[PDB]
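Data file: target33.csv. Format and content: CSV, C-alpha atoms and all ligand atoms.
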chain,number,residue,atom,x,y,z
B,30,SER,CA,94.8,132.5,102.8
B,31,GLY,CA,97.1,130.4,105.1
B,32,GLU,CA,95.6,128.6,108.0
B,33,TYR,CA,91.9,128.0,108.2
B,34,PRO,CA,90.2,129.8,111.2
B,35,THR,CA,89.1,127.7,114.2
B,36,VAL,CA,86.6,128.2,117.0
B,37,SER,CA,89.5,129.5,119.2
B,38,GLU,CA,90.1,132.5,116.9
B,39,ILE,CA,86.6,133.8,116.1
B,40,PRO,CA,84.7,135.3,119.0
B,41,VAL,CA,80.9,134.7,118.7
B,42,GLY,CA,79.6,137.7,116.8
B,43,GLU,CA,82.5,138.0,114.3
B,44,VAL,CA,83.0,136.5,110.8
B,45,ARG,CA,86.0,135.5,108.8
B,46,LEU,CA,86.4,135.0,105.0
B,47,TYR,CA,88.8,132.5,103.4
B,48,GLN,CA,89.6,132.5,99.6
B,49,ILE,CA,89.3,129.0,98.1
B,50,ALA,CA,89.8,129.9,94.4
B,51,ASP,CA,89.4,132.7,92.0
B,52,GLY,CA,85.9,134.2,92.7
B,53,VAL,CA,85.1,131.6,95.5
B,54,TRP,CA,85.3,132.2,99.3
B,55,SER,CA,84.1,130.4,102.4
B,56,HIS,CA,82.6,132.3,105.3
B,57,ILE,CA,83.3,131.1,108.9
B,58,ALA,CA,81.3,132.1,112.1
B,59,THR,CA,80.8,130.6,115.6
B,60,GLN,CA,77.7,130.0,117.8
B,61,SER,CA,76.7,128.6,121.2
B,62,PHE,CA,74.5,125.5,121.1
B,63,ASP,CA,73.5,123.5,124.1
B,64,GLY,CA,76.5,124.6,126.1
B,65,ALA,CA,79.2,124.1,123.5
B,66,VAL,CA,80.6,126.5,120.9
B,67,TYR,CA,80.8,125.3,117.2
B,68,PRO,CA,82.2,126.8,114.0
B,69,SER,CA,80.2,126.9,110.8
B,70,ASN,CA,80.9,127.4,107.1
B,71,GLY,CA,79.0,128.9,104.1
B,72,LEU,CA,80.1,130.0,100.6
B,73,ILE,CA,80.4,133.2,98.5
B,74,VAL,CA,80.6,133.0,94.6
B,75,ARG,CA,81.2,135.9,92.3
B,76,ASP,CA,78.3,136.3,89.8
B,77,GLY,CA,79.5,139.0,87.2
B,78,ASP,CA,79.5,142.3,89.2
B,79,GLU,CA,77.3,140.7,91.9
B,80,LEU,CA,77.7,138.0,94.5
B,81,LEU,CA,75.7,134.8,95.2
B,82,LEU,CA,75.6,133.8,98.9
B,83,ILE,CA,75.3,130.1,100.1
B,84,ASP,CA,73.9,129.9,103.7
B,85,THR,CA,73.6,132.4,106.5
B,86,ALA,CA,76.2,132.8,109.3
B,87,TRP,CA,74.0,131.2,112.0
B,88,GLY,CA,71.9,134.1,113.5
B,89,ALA,CA,71.0,137.7,112.9
B,90,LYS,CA,74.0,139.4,114.6
B,91,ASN,CA,76.5,137.0,112.8
B,92,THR,CA,74.7,137.6,109.5
B,93,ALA,CA,74.9,141.4,109.8
B,94,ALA,CA,78.7,140.9,110.6
B,95,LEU,CA,78.9,138.7,107.4
B,96,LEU,CA,77.5,141.5,105.2
B,97,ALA,CA,80.0,144.0,106.7
B,98,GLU,CA,83.0,141.7,106.1
B,99,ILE,CA,81.9,141.1,102.5
B,100,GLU,CA,81.8,144.9,101.9
B,101,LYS,CA,85.2,145.3,103.5
B,102,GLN,CA,87.1,142.5,101.7
B,103,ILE,CA,85.2,142.2,98.4
B,104,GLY,CA,83.0,145.3,97.9
B,105,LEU,CA,80.4,143.9,95.5
B,106,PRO,CA,76.7,143.5,96.3
B,107,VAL,CA,75.0,140.3,97.5
B,108,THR,CA,71.9,140.0,95.4
B,109,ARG,CA,70.8,136.4,96.0
B,110,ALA,CA,71.2,133.7,98.7
B,111,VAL,CA,70.4,130.0,98.8
B,112,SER,CA,69.9,128.0,102.1
B,113,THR,CA,70.9,124.4,101.8
B,114,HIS,CA,68.7,122.9,104.6
B,115,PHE,CA,66.2,124.1,107.3
B,116,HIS,CA,68.4,124.2,110.4
B,117,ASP,CA,69.2,127.6,112.0
B,118,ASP,CA,72.9,127.5,110.9
B,119,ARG,CA,71.6,127.8,107.3
B,120,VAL,CA,68.4,130.0,107.6
B,121,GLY,CA,69.0,132.0,110.9
B,122,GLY,CA,69.6,135.5,109.6
B,123,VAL,CA,67.4,135.3,106.5
B,124,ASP,CA,65.4,138.3,107.8
B,125,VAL,CA,68.6,140.4,107.9
B,126,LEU,CA,69.4,139.4,104.3
B,127,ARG,CA,65.8,140.3,103.2
B,128,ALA,CA,65.9,143.7,104.9
B,129,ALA,CA,69.2,144.4,103.0
B,130,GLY,CA,67.5,143.7,99.7
B,131,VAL,CA,68.9,140.2,99.1
B,132,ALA,CA,66.5,137.7,97.4
B,133,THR,CA,66.5,134.6,99.6
B,134,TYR,CA,65.8,131.1,98.1
B,135,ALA,CA,65.3,127.5,99.3
B,136,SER,CA,63.5,124.4,98.0
B,137,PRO,CA,59.8,124.0,99.0
B,138,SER,CA,60.9,121.1,101.2
B,139,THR,CA,63.3,123.4,103.2
B,140,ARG,CA,60.6,126.2,103.5
B,141,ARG,CA,58.1,123.8,104.9
B,142,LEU,CA,60.4,122.2,107.4
B,143,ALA,CA,61.6,125.6,108.6
B,144,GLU,CA,58.1,126.8,109.2
B,145,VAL,CA,57.2,123.7,111.3
B,146,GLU,CA,60.3,124.1,113.4
B,147,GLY,CA,59.8,127.9,113.9
B,148,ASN,CA,62.9,128.9,111.9
B,149,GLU,CA,63.2,131.8,109.5
B,150,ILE,CA,61.7,131.1,106.0
B,151,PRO,CA,63.5,132.1,102.7
B,152,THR,CA,61.1,134.0,100.4
B,153,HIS,CA,61.6,132.4,97.0
B,154,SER,CA,61.2,128.7,96.0
B,155,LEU,CA,63.7,126.6,94.0
B,156,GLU,CA,61.9,124.2,91.6
B,157,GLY,CA,63.2,121.0,90.0
B,158,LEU,CA,64.9,119.5,93.1
B,159,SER,CA,62.4,117.2,94.8
B,160,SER,CA,63.8,113.9,93.4
B,161,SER,CA,67.1,112.2,94.3
B,162,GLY,CA,69.6,112.9,91.6
B,163,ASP,CA,68.0,116.2,90.4
B,164,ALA,CA,70.3,119.1,89.3
B,165,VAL,CA,69.5,122.7,88.3
B,166,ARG,CA,71.7,125.7,87.3
B,167,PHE,CA,71.7,128.8,89.5
B,168,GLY,CA,73.9,131.4,87.8
B,169,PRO,CA,77.6,130.4,88.5
B,170,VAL,CA,76.7,127.2,90.4
B,171,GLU,CA,74.9,123.9,90.0
B,172,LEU,CA,72.5,122.9,92.8
B,173,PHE,CA,72.1,119.1,93.4
B,174,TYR,CA,69.6,117.1,95.6
B,175,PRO,CA,71.5,113.8,96.5
B,176,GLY,CA,68.7,112.3,98.5
B,177,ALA,CA,68.1,112.3,102.3
B,178,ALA,CA,71.2,112.3,104.5
B,179,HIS,CA,71.9,114.7,107.4
B,180,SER,CA,68.3,116.0,106.7
B,181,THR,CA,65.7,115.0,104.2
B,182,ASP,CA,66.0,118.4,102.3
B,183,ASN,CA,69.8,118.8,102.2
B,184,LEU,CA,71.3,120.3,99.0
B,185,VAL,CA,74.9,120.4,97.7
B,186,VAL,CA,76.4,123.1,95.6
B,187,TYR,CA,79.1,122.8,92.8
B,188,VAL,CA,81.1,125.7,91.3
B,189,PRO,CA,82.2,124.4,87.8
B,190,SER,CA,84.7,127.2,87.0
B,191,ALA,CA,86.7,126.4,90.2
B,192,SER,CA,86.0,122.6,90.8
B,193,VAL,CA,84.7,123.4,94.3
B,194,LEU,CA,82.1,121.1,95.9
B,195,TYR,CA,80.2,122.5,98.9
B,196,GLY,CA,78.8,119.5,100.8
B,197,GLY,CA,77.1,121.4,103.6
B,198,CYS,CA,76.1,119.5,106.7
B,199,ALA,CA,75.8,116.2,104.8
B,200,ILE,CA,79.6,116.0,104.6
B,201,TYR,CA,81.9,115.8,107.8
B,202,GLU,CA,85.4,117.1,108.2
B,203,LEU,CA,88.2,114.5,108.8
B,204,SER,CA,88.7,115.4,112.5
B,205,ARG,CA,85.1,114.3,113.2
B,206,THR,CA,85.4,110.5,113.8
B,207,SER,CA,81.9,110.1,115.4
B,208,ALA,CA,78.4,111.3,114.3
B,209,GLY,CA,77.0,114.6,115.4
B,210,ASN,CA,73.4,115.7,115.4
B,211,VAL,CA,71.3,112.9,113.7
B,212,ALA,CA,67.9,113.7,115.1
B,213,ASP,CA,66.6,114.8,111.6
B,214,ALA,CA,68.8,112.4,109.6
B,215,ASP,CA,68.1,109.4,107.4
B,216,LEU,CA,70.8,107.0,108.5
B,217,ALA,CA,69.7,104.2,106.2
B,218,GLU,CA,69.9,106.4,103.1
B,219,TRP,CA,72.9,108.6,103.9
B,220,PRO,CA,75.6,106.4,102.3
B,221,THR,CA,73.5,106.0,99.1
B,222,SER,CA,73.1,109.8,98.9
B,223,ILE,CA,76.9,110.3,99.3
B,224,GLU,CA,77.5,107.8,96.4
B,225,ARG,CA,75.2,109.9,94.2
B,226,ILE,CA,77.5,112.9,95.0
B,227,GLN,CA,80.6,111.0,94.1
B,228,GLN,CA,79.2,109.8,90.8
B,229,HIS,CA,77.9,113.3,89.8
B,230,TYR,CA,81.1,115.3,90.7
B,231,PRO,CA,84.1,112.9,90.3
B,232,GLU,CA,86.2,115.9,89.0
B,233,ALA,CA,85.9,118.0,92.2
B,234,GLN,CA,89.2,119.3,93.6
B,235,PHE,CA,88.1,121.0,96.8
B,236,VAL,CA,85.3,119.8,99.2
B,237,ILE,CA,83.9,122.1,101.9
B,238,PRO,CA,82.0,120.5,104.9
B,239,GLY,CA,79.3,122.4,106.8
B,240,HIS,CA,81.5,122.6,109.9
B,241,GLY,CA,85.3,122.6,110.0
B,242,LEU,CA,88.3,122.2,107.7
B,243,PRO,CA,88.1,121.8,103.9
B,244,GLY,CA,89.7,118.9,102.1
B,245,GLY,CA,89.3,116.8,98.9
B,246,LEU,CA,87.0,114.0,97.7
B,247,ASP,CA,88.4,111.8,100.6
B,248,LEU,CA,85.8,113.6,102.8
B,249,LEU,CA,83.0,111.7,101.1
B,250,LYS,CA,84.5,108.2,102.0
B,251,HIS,CA,85.3,109.6,105.5
B,252,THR,CA,81.6,110.6,106.0
B,253,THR,CA,80.4,107.1,104.9
B,254,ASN,CA,82.8,105.5,107.3
B,255,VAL,CA,81.5,107.6,110.3
B,256,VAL,CA,77.8,107.1,109.4
B,257,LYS,CA,78.2,103.3,109.1
B,258,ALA,CA,80.0,103.2,112.5
B,259,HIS,CA,77.1,105.1,114.1
B,260,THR,CA,74.5,102.8,112.4
B,261,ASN,CA,76.4,99.8,114.0
B,262,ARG,CA,76.4,101.4,117.5
B,263,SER,CA,75.5,99.0,120.4
N,1,LIG,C1,73.5,123.3,115.0
N,1,LIG,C2,74.0,122.3,113.9
N,1,LIG,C3,73.0,122.3,112.8
N,1,LIG,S1,73.6,121.2,111.4
N,1,LIG,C4,73.8,120.9,114.6
N,1,LIG,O1,72.9,120.7,115.2
N,1,LIG,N1,74.8,119.9,114.6
N,1,LIG,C5,76.1,120.1,113.8
N,1,LIG,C6,77.2,120.7,114.6
N,1,LIG,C7,78.1,119.7,115.4
N,1,LIG,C8,77.7,118.6,116.2
N,1,LIG,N2,78.8,118.1,116.7
N,1,LIG,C9,79.9,118.7,116.2
N,1,LIG,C10,81.3,118.4,116.4
N,1,LIG,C11,82.2,119.3,115.8
N,1,LIG,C12,81.9,120.3,115.0
N,1,LIG,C13,80.5,120.5,114.8
N,1,LIG,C14,79.5,119.7,115.4
N,1,LIG,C15,76.3,118.7,113.2
N,1,LIG,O2,75.7,117.7,113.6
N,1,LIG,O3,77.1,118.6,112.2
N,2,ZN,ZN,71.8,120.7,110.1
N,3,ZN,ZN,75.2,122.5,110.2
N,4,ZN,ZN,88.2,109.0,107.9
If you convert what's in this file into structure tokens, what do you get?
Amino acid sequence: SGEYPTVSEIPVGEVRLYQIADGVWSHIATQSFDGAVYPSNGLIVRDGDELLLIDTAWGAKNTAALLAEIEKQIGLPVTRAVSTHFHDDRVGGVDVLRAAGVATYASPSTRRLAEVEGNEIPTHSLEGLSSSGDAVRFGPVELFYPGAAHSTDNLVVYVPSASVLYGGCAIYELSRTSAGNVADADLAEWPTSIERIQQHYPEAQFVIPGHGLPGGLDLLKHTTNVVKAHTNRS
């Protein structure tokens, strides 16, 4: 499209799509959290005559709105979804996807952490991702576990046909110059995990953060700078 949508343009309950490349879209929703309102991104990837979804739209109502906007703008069925960590902006709405016939997936690490926290639990388990540096194919994407960062279970997703790297909540947009929610983070390991991403995907052309505006590979160095400033807080 043209301009990327912002919190001021999406009332809570609605969802926007944004085309990144041929067969690749982000989805954008908003939610209230501890008095503020935040935007949040996921991904959609064309999979033959079907669609692969990356992450929910942060809640049941938003995720029903996401399915309806996919039918309006694309018109192909969502058959599988992957959640990239255990927080509610990634798994909240999994029950809506399941009731609609979507097969929901996450690593065994994510499924366990979601159950402890009381969040919705994806049905299927992704094997082969428990060690830092592990990668597996999942149809038109590669899934990568870079090590602990924003959370101990965070995954990143690469679309090779389009050179699109989806960083999720391990990667910060440029406008964010201070750290956000770090309660579940590994601050000591986060920079090393970002370096694994840079070394595995040096050809990436578009980088999509979990919250806010897309950019390029500069977002990886940016995130390192912000994490190290938080580590050195007074
Ligand atoms: C609910 C999500 C689950 S990831 C969370 O708890 N925190 C997020 C959201 C966030 C915090 N500050 C911001 C400042 C600007 C934009 C987004 C944010 C994070 O830390 O990136
Ligand atoms: Zn999170
Ligand atoms: Zn998030
Ligand atoms: Zn920066």
Hey, which residues sit close to ligand ZN 4 (chain N)? Say within 10 Å, counting all atoms listed in the file, and write them as a PDB file with C-alpha atoms, in the frame of the given file.
ATOM      1  CA  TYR B 201      81.900 115.800 107.800  1.00  0.00           C
ATOM      2  CA  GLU B 202      85.400 117.100 108.200  1.00  0.00           C
ATOM      3  CA  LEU B 203      88.200 114.500 108.800  1.00  0.00           C
ATOM      4  CA  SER B 204      88.700 115.400 112.500  1.00  0.00           C
ATOM      5  CA  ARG B 205      85.100 114.300 113.200  1.00  0.00           C
ATOM      6  CA  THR B 206      85.400 110.500 113.800  1.00  0.00           C
ATOM      7  CA  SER B 207      81.900 110.100 115.400  1.00  0.00           C
ATOM      8  CA  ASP B 247      88.400 111.800 100.600  1.00  0.00           C
ATOM      9  CA  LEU B 248      85.800 113.600 102.800  1.00  0.00           C
ATOM     10  CA  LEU B 249      83.000 111.700 101.100  1.00  0.00           C
ATOM     11  CA  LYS B 250      84.500 108.200 102.000  1.00  0.00           C
ATOM     12  CA  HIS B 251      85.300 109.600 105.500  1.00  0.00           C
ATOM     13  CA  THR B 252      81.600 110.600 106.000  1.00  0.00           C
ATOM     14  CA  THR B 253      80.400 107.100 104.900  1.00  0.00           C
ATOM     15  CA  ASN B 254      82.800 105.500 107.300  1.00  0.00           C
ATOM     16  CA  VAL B 255      81.500 107.600 110.300  1.00  0.00           C
TER      17      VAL B 255
END
* Asked: Which of these residues is nearest to ligand ZN 3 (chain N), using only C-alpha atoms and all ligand atoms: B:69, B:102, B:91, B:181?
  ->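 The closest residue to ligand ZN 3 (chain N) is B:69.
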Shell around residue 66 of chain B at 9 Å using only C-alpha atoms, local window under 5 positions removed, as a PDB file with C-alpha atoms, in the coordinates of the input:
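Contents of selection-v3.pdb, freshly written:
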ATOM      1  CA  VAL B  36      86.600 128.200 117.000  1.00  0.00           C
ATOM      2  CA  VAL B  41      80.900 134.700 118.700  1.00  0.00           C
ATOM      3  CA  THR B  59      80.800 130.600 115.600  1.00  0.00           C
ATOM      4  CA  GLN B  60      77.700 130.000 117.800  1.00  0.00           C
ATOM      5  CA  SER B  61      76.700 128.600 121.200  1.00  0.00           C
TER       6      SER B  61
END
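Around residue 179 of chain B, within 9 Å and counting all atoms listed in the file, the residues found are residues 177, 181, 182, 183, 198, 199, 200, 210, 211, 212, 213, 214, 215, 216 and 219 of chain B, once anything fewer than 2 positions away on its own chain is removed.
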* List all protein, DNA and RNA residues that have an atom no more than 6 Å from any atom of ligand LIG 1 (chain N), counting all atoms listed in the file, and report them as a ChimeraX atom specification. => /B:67,116,118,198,209-210,240
Generate a file of the selected residues that holds C-alpha atoms, formatted as a short mmCIF file (atom, residue, chain, number, x, y, z; two decimals), keeping the file's coordinate frame.
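Generated output (part-v5.cif):
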data_model
loop_
_atom_site.label_atom_id
_atom_site.label_comp_id
_atom_site.auth_asym_id
_atom_site.auth_seq_id
_atom_site.Cartn_x
_atom_site.Cartn_y
_atom_site.Cartn_z
CA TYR B 67 80.80 125.30 117.20
CA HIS B 116 68.40 124.20 110.40
CA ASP B 118 72.90 127.50 110.90
CA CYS B 198 76.10 119.50 106.70
CA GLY B 209 77.00 114.60 115.40
CA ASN B 210 73.40 115.70 115.40
CA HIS B 240 81.50 122.60 109.90
#
Any idea what's packed within 12 Å of residue 95 of chain B, counting all atoms listed in the file, ignoring anything in its chain fewer than 4 positions away? Could you give it as a compact mmCIF listing (two decimals) with C-alpha atoms, in the coordinates of the input?
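Contents of the output file result35.txt:
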# COMPACT_ATOMS: atom_id res chain seq x y z
CA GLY B 42 79.60 137.70 116.80
CA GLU B 43 82.50 138.00 114.30
CA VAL B 44 83.00 136.50 110.80
CA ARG B 45 86.00 135.50 108.80
CA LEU B 46 86.40 135.00 105.00
CA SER B 55 84.10 130.40 102.40
CA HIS B 56 82.60 132.30 105.30
CA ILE B 57 83.30 131.10 108.90
CA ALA B 58 81.30 132.10 112.10
CA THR B 59 80.80 130.60 115.60
CA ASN B 70 80.90 127.40 107.10
CA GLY B 71 79.00 128.90 104.10
CA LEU B 72 80.10 130.00 100.60
CA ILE B 73 80.40 133.20 98.50
CA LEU B 82 75.60 133.80 98.90
CA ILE B 83 75.30 130.10 100.10
CA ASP B 84 73.90 129.90 103.70
CA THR B 85 73.60 132.40 106.50
CA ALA B 86 76.20 132.80 109.30
CA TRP B 87 74.00 131.20 112.00
CA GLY B 88 71.90 134.10 113.50
CA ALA B 89 71.00 137.70 112.90
CA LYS B 90 74.00 139.40 114.60
CA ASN B 91 76.50 137.00 112.80
CA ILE B 99 81.90 141.10 102.50
CA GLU B 100 81.80 144.90 101.90
CA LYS B 101 85.20 145.30 103.50
CA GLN B 102 87.10 142.50 101.70
CA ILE B 103 85.20 142.20 98.40
CA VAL B 107 75.00 140.30 97.50
CA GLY B 122 69.60 135.50 109.60
CA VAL B 125 68.60 140.40 107.90
CA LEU B 126 69.40 139.40 104.30
Find the nearest atom pair between each residue of segment 133-188 of chain B and segment 110-115 of chain B for residues within 9 Å, count all atoms listed in the file, give distances in Å to one decimal, sort rows by chain and ascending number, and present the table as a tab-separated table.
residue	atom	partner	partner_atom	distance
B:133	CA	B:110	CA	4.9
B:134	CA	B:111	CA	4.8
B:135	CA	B:112	CA	5.4
B:136	CA	B:113	CA	8.3
B:138	CA	B:115	CA	8.6
B:139	CA	B:115	CA	5.1
B:140	CA	B:115	CA	7.1
B:141	CA	B:115	CA	8.5
B:142	CA	B:115	CA	6.1
B:143	CA	B:115	CA	5.0
B:144	CA	B:115	CA	8.7
B:146	CA	B:115	CA	8.5
B:148	CA	B:115	CA	7.4
B:149	CA	B:115	CA	8.6
B:150	CA	B:115	CA	8.4
B:151	CA	B:112	CA	7.6
B:155	CA	B:111	CA	8.9
B:180	CA	B:114	CA	7.2
B:181	CA	B:114	CA	8.5
B:182	CA	B:114	CA	5.7
B:183	CA	B:114	CA	4.9
B:184	CA	B:113	CA	5.0
B:185	CA	B:113	CA	7.0
B:186	CA	B:113	CA	8.4
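Atom CA of residue 237 of chain B sits 6.3 Å away from atom CA of residue 194 of chain B.
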* To do: Kindly give the distance, in Å, that separates atom CA of residue 236 of chain B and atom CA of residue 196 of chain B, rounded to a single decimal.
  => 6.7 Å
* To do: Could you jot down the atom CA of residue 238 of chain B to atom CA of residue 175 of chain B separation for me, Å, one decimal place?
  =>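 Between atom CA of residue 238 of chain B and atom CA of residue 175 of chain B the gap is 15.0 Å.
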* To do: Would you kindly identify which residues have an atom no farther than 12 Å from (79.9, 140.5, 91.9), using only C-alpha atoms and the file's own coordinates, and write them out as number ranges by chain?
  => B: 52-53, 73-82, 99-100, 103-109, 168-169
Would you pick out the contacts of residue 165 of chain B at 10 Å or less, using all atoms listed in the file, so that residues sharing its chain but fewer than 4 positions from it are not included, and give the list as a compact mmCIF listing (two decimals) with C-alpha atoms, in the coordinates of the input?
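Below is the file that was written, selection.txt:
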# COMPACT_ATOMS: atom_id res chain seq x y z
CA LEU B 155 63.70 126.60 94.00
CA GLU B 156 61.90 124.20 91.60
CA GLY B 157 63.20 121.00 90.00
CA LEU B 158 64.90 119.50 93.10
CA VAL B 170 76.70 127.20 90.40
CA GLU B 171 74.90 123.90 90.00
CA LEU B 172 72.50 122.90 92.80
CA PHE B 173 72.10 119.10 93.40
CA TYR B 174 69.60 117.10 95.60
* To do: List the residues sitting within 6 Å of (85.6, 117.2, 97.5) in the file's frame, using only C-alpha atoms, as a list in words.
  =>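 Result, sorted by chain then residue number: residues 194, 233, 234, 235, 236, 245 and 246 of chain B.
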* Residue with smallest distance to ligand ZN 2 (chain N) - pool B:191, B:242, B:132, B:120, counting only C-alpha atoms and all ligand atoms -> B:120
